[PDB]
Every structure is written in C-alpha cells, then in structure tokens.
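Here is what each chain is made of, one letter per residue.
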Amino acid sequence: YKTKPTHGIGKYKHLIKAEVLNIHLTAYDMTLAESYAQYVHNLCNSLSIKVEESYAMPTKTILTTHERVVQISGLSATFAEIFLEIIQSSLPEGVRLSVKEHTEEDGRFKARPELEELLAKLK
Amino acid sequence: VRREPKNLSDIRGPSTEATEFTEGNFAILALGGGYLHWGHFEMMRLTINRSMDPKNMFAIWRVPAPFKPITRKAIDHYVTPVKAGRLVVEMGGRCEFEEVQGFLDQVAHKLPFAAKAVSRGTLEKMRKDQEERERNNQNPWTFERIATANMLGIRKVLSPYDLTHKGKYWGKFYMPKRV
Amino acid sequence: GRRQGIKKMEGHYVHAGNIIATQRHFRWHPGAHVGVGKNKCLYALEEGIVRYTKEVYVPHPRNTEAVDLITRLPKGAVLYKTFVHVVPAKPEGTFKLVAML
Amino acid sequence: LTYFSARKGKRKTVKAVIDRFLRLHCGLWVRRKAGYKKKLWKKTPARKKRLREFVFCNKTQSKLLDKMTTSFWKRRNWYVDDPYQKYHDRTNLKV
Amino acid sequence: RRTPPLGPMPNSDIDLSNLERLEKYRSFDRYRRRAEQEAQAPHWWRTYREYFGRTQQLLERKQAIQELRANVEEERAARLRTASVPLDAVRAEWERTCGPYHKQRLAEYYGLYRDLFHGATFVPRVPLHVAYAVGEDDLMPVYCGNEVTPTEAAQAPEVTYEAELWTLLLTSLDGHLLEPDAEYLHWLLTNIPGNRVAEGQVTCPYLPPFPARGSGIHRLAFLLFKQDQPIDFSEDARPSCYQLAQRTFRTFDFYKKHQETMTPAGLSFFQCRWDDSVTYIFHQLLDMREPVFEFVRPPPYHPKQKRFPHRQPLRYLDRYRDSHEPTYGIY
Amino acid sequence: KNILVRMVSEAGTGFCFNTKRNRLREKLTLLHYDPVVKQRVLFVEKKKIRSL
Amino acid sequence: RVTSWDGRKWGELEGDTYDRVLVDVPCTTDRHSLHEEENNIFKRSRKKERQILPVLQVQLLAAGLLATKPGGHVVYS
Amino acid sequence: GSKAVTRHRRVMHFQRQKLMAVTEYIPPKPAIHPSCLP
RNA sequence: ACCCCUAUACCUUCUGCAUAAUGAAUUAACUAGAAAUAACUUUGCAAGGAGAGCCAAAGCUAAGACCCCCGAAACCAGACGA
RNA sequence: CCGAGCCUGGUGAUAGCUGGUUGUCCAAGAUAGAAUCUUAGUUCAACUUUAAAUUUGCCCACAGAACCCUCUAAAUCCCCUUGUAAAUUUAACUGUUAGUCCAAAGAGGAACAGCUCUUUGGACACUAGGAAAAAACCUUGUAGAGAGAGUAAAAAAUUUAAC
RNA sequence: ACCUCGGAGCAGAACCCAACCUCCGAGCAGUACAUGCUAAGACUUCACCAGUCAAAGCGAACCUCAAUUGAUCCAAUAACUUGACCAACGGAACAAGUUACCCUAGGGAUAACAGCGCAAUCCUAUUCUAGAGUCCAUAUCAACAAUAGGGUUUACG
Ligand SMILES: C[S@@+](CC[C@H](N)C(=O)[O-])C[C@H]1O[C@@H](n2cnc3c(N)ncnc32)[C@H](O)[C@@H]1O
Ligand SMILES: [Mg+2]
Ligand SMILES: [Mg+2]
Ligand SMILES: [Mg+2]
Ligand SMILES: [Mg+2]
Ligand SMILES: [Mg+2]
Ligand SMILES: [Mg+2]
Ligand SMILES: [Mg+2]
Ligand SMILES: [Mg+2]
Ligand SMILES: [Mg+2]
Ligand SMILES: [Mg+2]
Ligand SMILES: [Mg+2]
Ligand SMILES: [Mg+2]
Ligand SMILES: [Mg+2]
Ligand SMILES: [Mg+2]
Ligand SMILES: [Mg+2]
Ligand SMILES: [Mg+2]
C-alpha cells in the first residue's frame, strides 16, 4: 500500500526490460566445422561476449562445401586483440576465417508476446 | 495523432523548467502563464533578427515548438504552454544591457502573458530582494502559517494546491508582491 | 463495479469458510490456512485471525509463464508478493475423562 | 384482492399464492427457485443444486403473502405423514 | 503521501544501468536457492515467521581417503553403480563421532530439554544402550523416539555403556494424571559402580509405563548422571505396587538441589501407547479402576438464528434443533 | 453448429443425461457414471433434442 | 500467428520482414451485396463508409509494401 | 460555476480575500530615516 | 386621532417567489376520511377459550382505535324529433 | 352549439390530471438507489415515526490494505485507548425522494454563460443580526416576561510624464 | 441512430461514482464425461428476483474463457428433459397510419416570437514600429501582436 513504508516491494518489471561481427568457418568436412564453432561460442560465453545466431546457409551444388557462421557482438577494440589472436591460433585445418559486418542491407519475425507492448507504445 | 482534453493545470504554478541562464546574459522572464501561438513566434523571429546582427550577438530559442492541440467547432492549431518564470528567449555576445533592453522589452510587450527583459545581474537581484523581503516582514501573519495550520478553518475556502502555491499564484496569474 | 476488494481486514476474527478477499487478478496471494477458489477468491480454511505479510515468491516448476520470468531475472534478485494468513485461535481438541472403569 | 366479497362480504385469498408457496405454522413461507427447470444443459452442477433447494422468504415477502391469504391457511394441520411436520415450530429462538 | 522505508529495500543494491552484462538466474533452481536464503534473513516488515513463531585428525583422514580410492577394484564398483556400504559398520562408529550431536536435536525437537530442565540443553556424550527382554530370545532396543509397547516394557531393562559412580533415571514426562507439569518416577538407581548396574542401590523399584486409554502417545526418557562422589538420598522413597501421589516429582527441582554434585551424560527416550498390560497395572499394582480418555472436538459454529432466514435451504431450521424425535406441546 | 442429444445407458436401464456434439461428428457412444447401478457404464444416443 | 489489430499500423510496426504478402482489402462485395440484405455496405444509412472506402484501400496496400522485404512479392486482390 | 483557471482575474471567495488583506507584506520603517542621517 | 420608528396581504402549485401563477366583492346558510388482515392497548377465563361451526405448543373471547369531496371528452340500451 | 341530433337510463361511468379538504395545544421529523408500455405514477430499498427487547455504537493508534502502466495529491478503509450515549434487533403503519447556489477536484470541448454532468463538503424547504434591498455570502440556533448587561459579524482604497 | 450484457477515453489509494455522447466487442467456441451426490460458513452489481465461492462427509482417480444471456403461465414428453432476435432483452398470448374537421384533462410556453446570460462572431479606441507614402514610421494608410469597452447582427445557453 502506497502510504505504508513497504510500498513497491512487489515491483519486479523494473529489474527486467519490457521495451556486430559475423565469423565464417567453412570446411569441406562436415565433422569439423561445427566443432570449432562450438569452441568459439564457448570462448564468447566465458568472456561475456554477446551472440546473436549460428546460422547455416545450404551446401553449394555439385564438389560440395558447407558454411558455418557465428554472429558476435559487444566486442571492444582493445579486447579484440586478445580474442582474435586465440581464434587464429585455434584454427583446426585450413579453415577460412572471416570477419563480416552488417552493412544495413543484410527485420525479424516478432513473437506475439513481444508485439503487444510494441503496439501500446506505437499508439 | 491524438486529441488531448484541456488540462489547464499546466499553466498553473511556478515554472520549474528553463529557469536557468545558459550561455547568455540577457533573457525575457515570463511573469504569467499563457499559450504561445505560431503568430507570436513569427513576430519573435522577425523582430529579433532585424534588430541585431547575428555575427556579433546570438539569440537562443529556450521554448519548445508548439505541440499542444486546440479543439474548435476538431483540432486546428498548436500552442505552447508557459508557466511564470521561464526564460522564453536568451541573448548573448559582446554587448551591453542598455542597448538591448529597448527592443527586448518592446518584443516582450506583445507577449500574451506578463513578461520582462532582464540581464543575469538584474534577474538575480530581484530573486535576492524577494527573499530579503520575506525575512524582513513586520507582519506576524503570513498566508503560509494560516494555510498549513488550518487556522480559521481556512482550508474550507482554500484549495489543496494553495499550500504549495504559498498564496503567490491565483489562476494563470503570478503576484510577486505577495509574500 | 464488480464490488471486489478486501472483505476482512488485518486482525479481524474469521470463521472457517468466510471470504477474506475478492479479486479479478492475483493482488493478494493465499498464505497459511487460506484457500483460493476458481475465481481467485480468498477464503479462510480455519477459524482465526487474518494477517498480511510480504513473502518471497517461488512459482511451481510446471508453471512455465512465471518460471521463464524467474530465468530472465538477474542474479541476486527475489520476487515479493503480498500473502494473507489465518492464524488459528482454538486448538484442534481436548482430552476428557468419561469414566472410571 | 377482494376485501369484501359480493356474495358473502368476506375476504378472499389469491390462489396464485397458494399454488406457489408453503406457509409454516410458525410464520415462515417456503418457495422454490425460479428457473429450476429451465435450460439445464448450460447450467453448472453447483448452480443446479442451488436451484433444487426450497428456500425461505424475507419479512416483507412474508407479510405480503399473509395479507394475500385467509386465516384458514394459517391454522395448524395435523397431517398423517407430511414431510414438513418438524419445521412447523421453532427451537431455541431468542428474538 | 509517502513514508520512507525503515530498512534496505530488497533488490535496491543489485540494480544497474545495464542488465545485458549481468548474469541471470539461468536455472529455476538457482533462484530457488537464493529465495531460501532470503527466508532465513530477518526483515523489518511483517513476515510469516513473526506470527508462526585435532590437526592430526585431518592428516589421518586424508591418508585413509587416499588409500580407499587407490584400489582400482573399489572404483570398478562405483562406475558400474553396483556398489554397497556396510550399514552396521557405519552405525557402529557414528555414535562415537556424530551420535550425540544429532541426538541433541531430537531431544530438543521432542522438547525434552524445555520440559525437563526448562531449556537447559546438553550434548549426550556417553553412548547409552537400553534393551528390553522379550521372552528369552529377543530384546527390544531403546533408541531415541522409538515406539515400545508397555507389554514388552513390563520388567527391568538391561542397560549397558562404557563407564568409570552414576545415577540412572526413568521418567514419564506426560504420563501424570492429577497435575499437568508433574511427572512420575519409574525406577531410580544411585551410586552405580560403573558398568555394573545391579550392585547399585535400588531407591525406587521398577514400575512399567502406564499411559491411559485415548491419551495418545507418551514419551519416556532415560537420564544418566555422572556421579563423582556418593550422596545419601533422603528423598522419602519407600519401596513396597506403590501409591502414585508419592511417585510425583519435578526433574528440574530434583536436579536443582544436586547441580554441582552430578551432571548428565546420556539420554535415551521411547514412546508408548496404551495396551492391555496397562489395565493390569491399575488393577493389580495400583488397586484402582482404569481411567479412560477421549479426544473430543469443540462444538460447531453457527451464526445467531434469525426470525426470517432469507434465501436459506429448508435445512437451516435443523441446525438449531437439539432432538430428532417429534414433539407435541400441550397436545 | 452443435446439437444437444440424449444419452441412455445399456446397463442400469432407466437413466439418461444430456450432452453436446457436432452435427458433423459420428454417432456418439460414451462412458458415464450411472447412480442407479452406482457404476460407470456405456451410454448410447437415441435422439437429438434441439440444435444449438 | 493470429492477431486482431489495424492493418495500417503494420507498415510502421514491422518493416522488411516478409518475402510474401497477400492484401485482400475490404471491397463493395459485389455478389454479396446483391444477395445479402442485412449489413449491406450499400444501405443508405452507411453511405459515409463508402466516402472513406477508397483511401483506406491505399493505406492497407501501403502497409504491405512497407512490410515486405526488398525484392519481396506483394499480391493485391 | 466557473473553471479554476480563467482568462480574466477570477473573483475570490470573500473569506479568501479577507485572508489576503491580513497576510499582506508590512515593511519595517526605522525611527530615524536613513537618507537624512549622515 | 395623525405626525416619530418598525413592518414585501392570504391560500394553493413549484427548489427560490418578494411578485411571478391560480382562487376569493362581501354577509348568512350548506359543503368533504366510509372498512379488513395483522399488530398494540384494556378486561374475563386459562391448557384451554368461545351461548354448536372456529382457534389453540399461552392461547382464546370481548372492546377500543386505521382507509375523503367536486369535475371531462366518451361508450352502450331504449324512447323522442323533418 | 352535427367528424355524427336530443332525452332518459346504465351512472355517484372512468380520470396516474386540475381544484378543494372544516377546533386548540405540544412533540419527533428531509434528497443512497433499483425495476417499471416508466420518468405527471407505482412497488422494493433508504430515510422517517411509534412500541418492545437487549448490548455496545460514535470519535478512534499501532499494525495492515498491488503489481502492471512509468510514474502518484488532498485523502479513504480497518481500528484499542479515550471523550462520550447511543446502537443493533423485534412488532406495526404511513409519508418523502423534479432540488438551486457557494468552496474544492475534475470532465464537457468558448480557460465555458446564476451553461451540462460525477465526487467531497457547506448553506437553503426552521429563528435571529449584518452585507443597500438580499434563498445559497458572514455572525448565530431549543423557544416565556424585563423600561438590565457583555459581546459576534459588521463603514474600500487610490492621483501620474521638463532636463 | 439506439433500448440487453462486457470493455476501451475519463476512473490517482476500502466500496460506489465522469452524465450525455463517440467508439470496440457477446448472443459462443474448444476439452472433459465423478459438468456425481451431499453439506459447515460466507460474497453479491446498492431492493426483490437472479448470480458467486466453499471446508468436512458418501462414491471414484492415481477445465479454458471479459460478456457468451431470458422469469411465470403454457405446450411437448412414460420419465429425464426441451421450447422464444419474448433483442422494446423484469418479457402484454395476439393490434398500423392520418386528422388543418378535430375533442377533453393538464403542463408549459424545457419548440418559436417577446423578455434575460455570456460575448464565440461583430463593432470601436489605444499600445509596438514592420512596410507604404518615387526622400520622410506617425499628412494619410497599415503587417504580426497585446490591452480595453458597448450589447446593433450571427450562433451558443
Ligand atoms: C475482403 S475481406 C478479405 C477477403 C477474405 N478473407 C478472403 O481471403 O477471401 C477483408 C476484411 O478486412 C476487414 N478489415 C476492415 N478494416 C481492416 C483493417 N484496417 N485492417 C485489416 N482488416 C480490416 C474487414 O472486416 C473485411 O471483412
Ligand atoms: Mg401538479
Ligand atoms: Mg401575477
Ligand atoms: Mg316539411
Ligand atoms: Mg402519471
Ligand atoms: Mg420540534
Ligand atoms: Mg421498474
Ligand atoms: Mg414492459
Ligand atoms: Mg407513462
Ligand atoms: Mg472500535
Ligand atoms: Mg422543478
Ligand atoms: Mg470506460
Ligand atoms: Mg445485494
Ligand atoms: Mg455496482
Ligand atoms: Mg467428501
Ligand atoms: Mg426492460
Ligand atoms: Mg383545408
């Protein structure tokens, strides 16, 4: 109750909120690429580096090579030093290491729970 | 696109916003509460620009662009609510008070609410004299003591806001002589 | 309106089955000796005295909608809910001599 | 209702009252719930039971019913095996 | 109107501008643990709790643990999860170590300390054993809080422990009839010559537990005392069968008189209900008729009866009816 | 859309109850408690009472 | 996902999110109007609706063209 | 009735006006005027 | 006696009404609250009361005490009228 | 005196509509709402009165009564103490419920008109004094005689341009 | 265009309460088939009718949903049960126009004129100096504004 000194003890939603690099890891072998992707992701989790997605686009038509990508964000310029050095050293077998960026031309399907407050703030 | 019910509470009470001198010596202090039309602003820009050269002296809009809607027998136009105490227009540069006061107060005359062109020194001066007057008073009885104590049952007549208002505000009107 | 509110205030004596509160959503949560109905209506399971306290909330593991909220909550944080309690007044029964046999 | 009959000059009972209500000798009146036979498919079982029960009437309803009915209906009846025999008298009633 | 908080409000300190950097309770169980921790912490606001109120030992241990895990055959059991522990062996040497410490809790849970000695707890160091002989072949063990019928407990039990004088005591805490607080004294032995029990003097002869019918479960405790020097006990105990009003005493008042002389060492307590044996105790040993007790319940609540009980089922009238048989007045 | 239909029991004969079904659905055979026999028994359709 | 909101808001709610869009705007319902009596769009009391009918159509279409991906396909019916 | 905020100066309740009369500022005047003093 | 001072006729329908609106020239005569259930009050008798019938788980018998005046346009039946 | 003649009778037609209603004296005594072929009316409730039975009532201190919305005021509920004398229940009837103005919080969309509507409170259908006469502003209530006395509210202030 | 029920704008913290108006929905659907029987004590849309929660007990098993609805009589049925856009939604078993040929009882002139209130509209004067006046603010005009007064118009009340 408002006047009582216990007020707003039930407040919860203030603690939450209701309101970029891409790494290529292509290999011919399909037993190798995902393993190293796993490893990089684990390194990211440990050092508090935000990850978006690990997307995979289909194998090239025939001979056949498939691409594994990891999205990373929150990396500082200074911290990049340490990070990139390790991911270069850990390279398993002639895997093309790329660092790609969103070029403002690379929209998401919003969930029903997310849409209601979005609508509320829209109007 | 939303219509607003007319909340006259905005004009009531002292201005707590844009009451600070910012990179400028001279400003027009509002002594009352009113809504500014676009016509007012048109006059503002015209007069100030034609008076003094912008290279030597600079003028600053310290008031937001109109956004409060007005409903008329549907929304027709937009207005800006201003409470008493807001510096509406700031002016700075290598200049003197004597030479600016003329056009500045002339521009302030056309304002719908009461207003005064003031320097930094003059504004702070009047703040000082007012707060000296309140401690200098020879009347045992202030509005403050009576209102808060509920002395004569005066709260029956008074409003809840009056306690905050110290009796210095009555509608859109600010009384500086009141202590 | 729906006439929903607190029926029995703090330190009120309440017989078993009485309504403590009615609510559209879960404003007050059932505590000790307090049952909740189909319509979230709080009633006294025992005769006694009503108390209102703040207690730390742990939802049922199966109840995903609240569990997920807990998961998103940062470390060190605890949800508090208001809980209503009936402190029973009279002990369950007494032992009495019937006969010397 | 008819205060004075044209044939005998005495009060008359409203027969609408007699085929809906049971009056107990003590002064209470018993009714059934309205719509207890109506649309039972849509009603909930708890609702259904609340409907089947025979209820009492408040003071004003009871007063109105007594005015609408003659003294004959208020006498004491010693029926053989009426299922309402016990309810005719009160027990442990202080005001 | 607002009133400032009297104490540190929860979640106030831990908040930050950014949340993305912070670790969340990824697990349900994580939060659960923290919530439990919060329940123990005292709070300024109203809480449910308010109203519902040497060095070489380590060296040997590490050596023995290293020796145990050394054998490959031992570890072969655990990985196949077809592994066992000697239950008896664990029990045997637990009593030496963590026996008394656990036993303290049970005594305070059953409220022995609060009832016997007004909350004056002690750790029961000596591993006391009591056995009750049933026939010739088997004897019932008395643990802490165990259930034993007074049929079995009809004669003097066999008590054994490591010892170097002593005083042995048996009390029925809740057994008493005439007074609430008071207790009966079953059999008292003083100036016990160590391990040997029989040679010590018999102050009070053995009496079996006698809990009345429907009086529920009765707890009976053995108390042992470390007697440094012998004492003459002029307590007016008169061996004969007995008269109950002489068996009544207070353990607290008894120990008060002899605080400095002796100190407790071990406890063992058993619970019991009524049995057919108890009947013979009143009849033979006491020469009195058996008291029987019932658990009754308080009368049901009904609101004050109204003259016009509006929108009530017809059965409202039957709530305030005392008899079920028809009545006729003057008729 | 739905229709109300009457359900009678094979066993404990002389008891019936009412239920909803879609018109498009197959003829309804059900299991329900009969207090005549004080047992859970099979029930079968006889007729449609009304359309709802 | 089934939602019951104004279709016009979608343009500013979600953008560049769909590769395929189908826009079935409210029309005069020619066959339906000729046959159905009740709730007819042509009922003379509801004349006002028809005056604000054409603009609405544009609005709804536009919302689709704002929500579609670059190179995304919208069909209007 | 009328709104609390008006374009013109609203007429007060008499009681309130009597209050305004009583709680007016009084300036202190010295026994000897300061300008006349050296 | 007047002069002095104080004093916004009555009824009725409206929240105010001074006054606004109906009603009154004045005198005499005439001109408008009729009853039950149930309660209360005071008696007689009392597990019974009542001068058949009826009521009764202190009731029953008796008494006392409660329910206005004037006014339409109409509708129908039978006579009378060119 | 014919959109259906006149007379007698039914007939004291019916009228939620208008008008009227007859000795003296004293006492208690006002504006929650609901349904209604209903808002010119009834019925129920609320208030009101009388009689009866019995025990608490009013004022109240601590403790207590929500999150969400992105932000919250005068306050309100509950309530021992206390100061007080009323309250609930039972029996029996009537009658009343179209208000207006002022202060405050608001919304109507003219910063709005003794203009409309919701809430809190005051006043008016009861006496008296004062503001010019004066429903609503201020002072004041329990009744008679007096050629005694003390008081309450209670009478607007203001005067101006040289250099 | 409406008449019943539930929301959204108004609702600040027990209950109730932003009229009128402007808008959004409801006249169900899905899942069980113990949506069995019985019974302490309570809540309630300001009456009544209706509506709502529920301990314990007898017998078994190891509901979602904001509204989603309809009295009596009567009719159908062996019984159990069923029946309305009675939506004018507390529901008359079943009935439309026109009257300036009109009548009676009344209320007002809550429709208009007459009389009143505000002054949105309109009228007038001042205050500021843009800009005209082939130079020149104030011979005479006059921009964007502010400040006053009257009650002639047009609306509002
Ligand atoms: C013409 S129907 C669509 C055709 C039909 N669903 C089909 O696939 O054949 C369009 C519907 O859109 C609805 N609608 C109206 N306003 C809308 C809006 N602003 N946004 C989306 N739908 C709207 C109308 O109710 C209308 O029935
Ligand atoms: Mg009248
Ligand atoms: Mg007149
Ligand atoms: Mg002729
Ligand atoms: Mg009427
Ligand atoms: Mg009086
Ligand atoms: Mg009604
Ligand atoms: Mg009707
Ligand atoms: Mg009518
Ligand atoms: Mg109290
Ligand atoms: Mg009126
Ligand atoms: Mg709303
Ligand atoms: Mg109610
Ligand atoms: Mg309500
Ligand atoms: Mg049960
Ligand atoms: Mg209706
Ligand atoms: Mg003509």
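Student: How should the overall build of chain G be read in this particular structure?
Tutor: Within chain G, the secondary structure is distributed over four helices and two strands. Along chain G, helices and strands appear, N-terminal first, in the series α-β-α-α-α-β. What you see for chain G is a C-alpha radius of gyration of 15 Å, clearly larger than the 11 Å of a compact globule of 77 residues, by over 25%. Considering only C-alpha atoms, chain G reaches an extent of 40 × 20 × 20 Å along its principal axes. Across the 77 residues of chain G, 22% fall into the buried class. Contacts in chain G between residues at least 24 apart in sequence constitute 68% of all its contacts with a sequence separation of at least 6.

Student: Quick question: what am I supposed to make of the overall build of chain A here?
Tutor: Summing up its helical and strand segments, chain A has three helices and four strands in all. The C-alpha radius of gyration of chain A comes to 21 Å, more than 25% above the 14 Å expected for a compact globule of 123 residues. Projected onto its principal axes, the C-alpha coordinates of chain A cover approximately 70 × 35 × 25 Å.

Student: Could you clarify how one ought to interpret the packing of aromatic side chains in this entry?
Tutor: A ring pair, where both rings are aromatic, is described by two values, the distance of the centres and the angle of the planes. Taken as a whole, this structure holds 32 aromatic pairs over all chains when the rule is applied. Pairing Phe72(D) with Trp73(D) gives two aromatic rings, centres 5.2 Å apart and planes at 90°, and the pair type is edge-to-face. The class for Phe72(D) is exposed, based on a relative accessible area of 54%. Aromatic side chains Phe210(E) and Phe282(E) sit 6.0 Å apart centroid to centroid with 75° between the ring planes, which places their arrangement in the edge-to-face category. Each member of the aromatic cluster is reached from another via a ring pair, and the members are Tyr113(E), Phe117(E), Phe122(E), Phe225(E), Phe249(E), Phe254(E) and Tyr255(E). One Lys or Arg, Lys226(E), reaches over the ring of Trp166(E) and ends 5.3 Å from the middle of that ring. The ring of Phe109(A) has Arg1(G) sitting right over it, with the charged end atom 4.4 Å from the ring centre.

Student: Would you mind showing me how to read the pattern of salt bridges here?
Tutor: Opposite charge on two side chains permits them to pair, given that their charged atoms come into close proximity. Scanning the model with the defined rule gives 27 salt bridges over all chains in all. The partner of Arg76(D) in a salt bridge is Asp89(D), and the shortest N-O contact between them spans 2.8 Å. In this pair, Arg76(D) sits in the segment after α3 (59-67) while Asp89(D) sits in the segment after α3, placing the two residues 13 residues apart along the sequence. For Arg76(D), a relative accessible area of 22% puts it in the partly exposed group. Across the pair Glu23(E) and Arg26(E) runs a salt bridge whose closest N-O atoms are separated by 3.3 Å. Through salt bridges with shared partners, a single network forms among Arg114(E), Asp115(E), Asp174(E) and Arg219(E).

Student: Before we go on, may I ask you to explain the nonpolar core in this structure?
Tutor: Burial of nonpolar side chains together is a common tendency in soluble globular proteins. Formed by 24 residues in total, the largest nonpolar core has its most connected members in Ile28(B), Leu36(B), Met91(B), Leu104(B), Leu111(B) and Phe113(B). Among the elements of the structure, β1 (26-30), α1 (38-51), β6 (87-93), α2 (97-109) and β7 (115-119) of chain B are those that each provide at least two residues to this core. With residues up to four places along the chain from it excluded, the contact list for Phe113(B) reads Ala30(B), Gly32(B), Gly33(B), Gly34(B), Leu36(B), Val82(B) and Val88(B). With 23 residues, the next largest nonpolar core counts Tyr132(E), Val142(E), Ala153(E) and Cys272(E) among its residues.

Student: Help me understand the protein's contact with RNA strand I, please; the structure alone is not making it clear to me.
Tutor: Around RNA strand I sit 13 residues in total, of which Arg11(D), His25(D), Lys67(D), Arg76(D) and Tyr331(E) are the nearest. Within 4 Å of the protein, the contacting atoms of RNA strand I are 40% sugar and phosphate, with bases supplying the remainder. In this structure, a base nitrogen belonging to RNA strand I sits 2.8 Å away from a side-chain N or O atom of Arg11(D). At 2.7 Å, a side-chain N or O of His25(D) approaches a phosphate oxygen of RNA strand I. Looking at side-chain class alone, the surface near RNA strand I contains four nonpolar, three polar and six charged residues.

Student: Looking at this structure, I do not really get the site of ligand 1. What am I missing?
Tutor: Residue and element names in this part refer to chain G. The environment of ligand 1 is formed by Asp6, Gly7, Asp24, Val25, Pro26 and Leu60. At 2.7 Å, a side-chain N or O of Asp6 approaches a nitrogen atom of ligand 1. The contact in question runs from a nitrogen atom of ligand 1 to an N or O atom on the backbone of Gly7, over 3.1 Å. Against a free-state accessible area of 600 Å², the protein chains account for coverage of 37% of ligand 1.

Student: Looking at this structure, I do not really get the arrangement of the chains. What am I missing?
Tutor: Looking across the seven pairs of chains in contact, one finds the most contacts between chains C and E. At the C-alpha level, the nearest point of chain A lies 33 Å from chain D, with no contact between them. Regarding chain E and chain F, the two do not touch, and the least distance separating their C-alpha atoms is 24 Å.

Student: Just checking my understanding: could you explain the interface of chain E and chain A for this structure?
Tutor: Interface extent is often summarised as the accessible area lost during association of the parts. Across the contact, 15 residues belong to chain E and eleven residues belong to chain A. Taken together, the two surfaces of chain E and chain A that pack against each other cover about 1100 Å², and 66% of this comes from carbon and sulfur. Linking chain E to chain A there are zero salt bridges. For the interface between chain E and chain A, the tally reads one residue pair in polar contact. Residues belonging to the side of chain E that touches chain A are distributed by class as follows: nine nonpolar, two polar and four charged.

Student: When you look at the environment of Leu15(A) in this model, what are you seeing that I'm missing?
Tutor: For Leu15(A), the location among the structural elements is in the segment before β1 (21-26). A sequence separation of 13 residues divides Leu15(A) from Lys2(A), and the C-alpha atoms of the two residues are 20 Å apart. With residues up to four places along the chain from it excluded, the contact list for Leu15(A) reads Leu73(C), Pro74(C), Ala77(C), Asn11(E), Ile14(E) and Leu19(E).

Student: Just to check I follow, could you spell out empty space enclosed by the protein for this structure?
Tutor: Rolled over the atoms, a probe as big as a water molecule pinpoints where empty space is left. Residue and element names in this part refer to chain B. Its volume calculated, the largest cavity comes out at about 60 Å³. Considering the residues around the largest cavity, the lining is formed by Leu36, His40, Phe41, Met44, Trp61, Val63, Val88, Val89 and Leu111. Mapped onto the lining of the largest cavity, the elements with two or more residues apiece are α1 and β6. In terms of residue count, the dominant contributor to the lining of the largest cavity is α1 (three residues). Per-class residue counts for the lining of the largest cavity are eight nonpolar, one polar and no charged.

Student: Quick question: what am I supposed to make of the sheet that holds β6(B) here?
Tutor: Within a sheet, each strand pairs with its neighbour through backbone hydrogen bonds, oriented either parallel or antiparallel. All names here are of chain B. What the four strands build is an open sheet, ordered β3-β6-β1-β7; its pairing is antiparallel. Since the sheet does not close on itself, it has two edges, and those belong to β3 (57-61) and β7, each with one partner. Looking at each pair of strands side by side, their axes are set apart by 20° on average, direction ignored. Examined bridge by bridge, β3 and β6 share five bridges and lie antiparallel to one another. Across the sheet, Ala59 pairs through a bridge with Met91, a residue of β6. Against the sheet, α2 touches β1, β3, β6 and β7, its axis set at about 160° to β7.

Student: Before we go on, may I ask you to explain the interface of chain E and chain C in this structure?
Tutor: Across the contact, 34 residues belong to chain E and 40 residues belong to chain C. When the two sides are added together, the surface that chain E and chain C hide from each other amounts to roughly 3500 Å², 66% of it contributed by carbon and sulfur. If you sort the residues of chain E by the area they bury against chain C, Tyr25(E), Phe28(E) and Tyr31(E) come out on top, with a joint share of 21%. One can count zero salt bridges joining chain E with chain C.

Student: Help me understand the protein's contact with RNA strand J, please; the structure alone is not making it clear to me.
Tutor: Around RNA strand J, the structure places 55 residues, and the nearest of them are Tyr1(A), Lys54(C), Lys63(D), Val5(H) and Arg7(H). Contact between RNA strand J and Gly10(A): a phosphate oxygen at 2.9 Å from a main-chain N or O atom of the residue. Secondary-structure elements contributing two or more residues to the surface near RNA strand J are β6 (48-56) of chain C together with α3 of chain D. The class makeup of the residues in the surface near RNA strand J is 18 nonpolar, 13 polar and 24 charged.

What counts, and where the lines are drawn
- Residues numbered from 1 in each chain as written, not as in the entry; some residues may be left out.
- Chains lettered and ligands numbered in written order.
- Part of a larger assembly, values for the part shown.
- Heavy atoms only, no water.
- Residues with missing side-chain atoms left out of burial classes, pairs and counts.
- Helix = DSSP H or I, 4+ residues; strand = E, 2+ residues; numbered from the N terminus.
- Rg over C-alpha atoms; globule rule 2.2 N^0.38 Å.
- Buried < 20%, exposed > 50% of the residue type's maximum accessible area, 1.4 Å probe, protein only.
- Contact = heavy atoms within 4.5 Å.
- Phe/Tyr/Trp six-rings, centres within 6.5 Å; stacked < 30°, edge-to-face > 60°.
- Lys NZ or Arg CZ within 6 Å of the ring centre and 35° of its normal.
- Salt bridge = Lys/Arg side-chain N within 4 Å of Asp/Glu carboxyl O.
- Core = buried A, V, L, I, M, F, W, Y, C linked by side-chain atoms within 4.5 Å.
- Near = heavy atom within 4 Å.
- Polar contact = N/O pair within 3.5 Å; in protein donor to acceptor, adjacent residues only side chain to side chain.
- Nonpolar A, V, L, I, M, F, W, Y, C, P; charged D, E, K, R; others polar.
- Areas by Shrake-Rupley, 256 points an atom, 1.4 Å probe, with all protein chains shown as cover.
- Buried area = accessible area lost by both parts, 1.4 Å probe.
- 1 Å grid on protein atoms, 1.4 Å probe; cavity = no way out; pocket = protein on both sides within 12 Å on 5 of 7 lines; lining within 4 Å.
- Points joined across faces, edges and corners; volume = space filled by probe spheres on them.
- Pairing = 2+ DSSP bridges.
- Axes fitted to C-alpha atoms, helices over the stretch in contact; angles between N-to-C directions.

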